[PDB]
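Only one chain is given next, in C-alpha cells, and it is the form deposited in one PDB entry.
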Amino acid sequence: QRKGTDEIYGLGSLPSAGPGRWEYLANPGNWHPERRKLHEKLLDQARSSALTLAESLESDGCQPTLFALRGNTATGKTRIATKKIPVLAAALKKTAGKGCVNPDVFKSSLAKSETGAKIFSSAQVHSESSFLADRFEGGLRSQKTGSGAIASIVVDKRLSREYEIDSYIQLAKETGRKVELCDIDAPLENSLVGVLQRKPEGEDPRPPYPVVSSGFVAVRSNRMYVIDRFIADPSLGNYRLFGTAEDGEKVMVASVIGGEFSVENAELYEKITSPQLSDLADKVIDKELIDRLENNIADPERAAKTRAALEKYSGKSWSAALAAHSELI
C-alpha cells in the first residue's frame, strides 16, 4: 500500500519534482476536499500555537527573534531549550511545546487522518507534512502579533547544511528578526540510543540509521561555517554551542555573544567540529555495549530507559536495530 499520502489524496497524476511536483501540491484543487480541509485545520492549529508563542515572547520583552535550535536528531535539544533559553522555555510551556517550525509537526495528525488511529507510516506522510511545514513557515514570515510587531518564531530542524543556514539568516534579515541560535551536539551513539528510546506511541520520529549518521556528519562538518556567520556579523544575533561531556551532561563549548567570540571548552570544540569518520552501522548491541553506555549514565530513570531500549535489540547491529525500530507504526 506504500504510496505516500500525496499520491493517495492528490487528484490526477503527480509531477515528479521541483518545480513540477511542488506547485501541484500548492493548489488545493489538486487534493480531495477532505484532505484539503484537513490541511486547513492543521495549519489553523499550528498557526494558533505559533501566535501564542509569539505573544508570550513579546510580553516578556523579547524583540522580534528567530530562535533556531540546530543539531542532529535526539541530541537533547528540548532539554537545552528548557534549561538554557529561559524566555523560550516560558513560551513553550504555554503551548506544551507546539508552535515550532519543524518538518515533523504535522506527521502524527496526517498519519491518523482523523480516524483515531495511525494508519500511514511516517514515510508515507513525510512529503505531505513537509509541504504543510512549508506553508506554515511561509505564513509566519510576515506574521504580526497584536502590537503589529513582527512575531518571534522557533525553528528546530537539523539545520545542518550551509544552504539551510543561509536561508534562515536571509529570512531573519528580510523580516527584521534577530537570530538566537543554540547548536547542540551529542556523540552519534547518543543519538542512536536516543532514537531507540523514542516509543512508537510517542510523537517523536524514529528514523533509520543512515538518517542519523548522515545528519551527524553534516551537522559537524558545517558547524564552523555557522559560527563564522556570527563572528562576521555581531548584529546577526547570538550563538551558543553545547556539547556532551562523558557523563552525558551538556556543557557550553563555544559562543558568540554580543559579537564576542569565546571557546569555553577547546578540547570539545576540536572534537565536535569534525565527523570523526572512525564504522558504527555494523556494531552489535551486546551486553558489553549496553554495560558501557550504562556506565556513563548516573540518573536512575535514564539509565533504566536506556537499558530497556537497547535490550529490545540485543544481538542486532545499530543499523538493524534502528531499522526494526523505525518500521513500527
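Each form is matched to the other, and the largest set of C-alpha atoms that superpose within 1.5 Å is called the rigid core. Residues that one form lacks are left out of the comparison. Residue positions are given as counts along the sequence shown, with the first one as 1.
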Mind giving me a quick count class for deposited residues absent from the model between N295 and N296? Options are none, 1 to 3, 4 to 9, 10 or more. none
So, looking at the entry's B-factor column for Cα atoms, which has the higher mean, 88-96 or 68-76? 88-96
Averaging CA B factors per stretch from the PDB record, which one is higher: 107-115 or 180-188? 107-115
Per the deposited B-factor column, the C-alpha that peaks among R206, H126, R229, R240 belongs to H126
Residue selected from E267, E264, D286, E260 by maximal Cα B factor: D286
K271: CA B-factor among chain residues, third -> lowest
Based on the deposited C-alpha B factors for this chain, I'd like to know if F216 is in the lowest, middle or highest third. lowest
When the modelled residues of the chain are sorted by Cα temperature factor, does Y163 land in the lowest, middle or highest third? middle
Quick check on the deposited entry: does the C-alpha B-factor of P210 sit in the lowest, middle or highest third of its chain? lowest
Quick check for you: using the entry's CA B-factors within this chain, is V193 in the lowest, middle or highest third? lowest
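The same protein has a further form, the form deposited in another entry, not shown here; the description that follows concerns it.
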Out of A26, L289, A304, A298, the residue that alone shifts its CA by 2 Å or more between the shown form and the other one when the rigid core is the reference: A26
Could you tell me whether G18 and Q124 have their C-alpha atoms closer or farther apart in the other form than in the shown form, knowing the shift is 3 angstroms or more? closer
After fitting on the rigid core, list every run of 3 or more consecutive residues where each C-alpha shifts 2 Å or more between the shown form and the other one, in sequence order. 16-19, 26-29
